[PDB]
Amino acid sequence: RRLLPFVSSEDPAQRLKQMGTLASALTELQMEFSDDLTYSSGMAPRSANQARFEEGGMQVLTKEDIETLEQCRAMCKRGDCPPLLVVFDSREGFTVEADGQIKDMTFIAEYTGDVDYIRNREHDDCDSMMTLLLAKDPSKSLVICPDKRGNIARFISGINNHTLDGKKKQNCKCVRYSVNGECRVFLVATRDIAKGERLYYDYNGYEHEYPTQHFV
């Protein structure tokens, strides 16, 4: 099972419209766009992000999958974003929906933001923290914090983990891979997604640190 590159919307106007909805939502949260993990002052240094610290080890991204990742990254640099729309919903807030077809196993996005120690965010109110590294010594565990800087991944919805039919909405998955010895968080489609379909993954895919009882 191999990672697939996304297919950008063919109409350049559709791509600019898509990128506009993301810029609009970032502005609403007073955020700066950032398509990479950032290491800021008073937070974690890039040297703390080493996948060998992950308790029980971390799967390694293959050379073939790294190539695909690099293509998608290069596509986003020149304006070929994945076909995604950030859309406000009154019951979910900002959400992300496919604005074109996304095939099973397609790379959607990396979860970016500021890398920080979990120890430093025990009190933080940010609703979009994502585990990066879970170390045996908890003072070395890292979390991605897209509160000041981030990308589209922070807007993607999660499933209700408590309802009998909530699992049926999941159409993508968040996974952590070692890339050049560092931890990285990616989102991948787990079935074919149609245009207009809202994206949902399991926020509690390893720990159970996200309350979802009230999710729609």
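For every residue, the number given is its place in the sequence shown, counted from 1.
When 76-84 is weighed against 108-116, 76-84 comes out higher, by mean CA B-factor as recorded in the entry. Here the stretch with the larger average CA B-factor, out of 65-73 and 150-158, is 65-73. Annotation for residue 21: CA B-factor lies in the middle third of the chain's modelled residues.
When the CA B factors of the chain's modelled residues are split into thirds, the value for residue 129 lands in the lowest one. Residue 46: CA B factor in the highest third of modelled residues in this chain (values from the PDB entry). Looking at the C-alpha B-factors along this chain, the one for residue 135 belongs to the highest third. When the modelled residues of the chain are ordered by their C-alpha B factor, residue 178 lands in the middle third.
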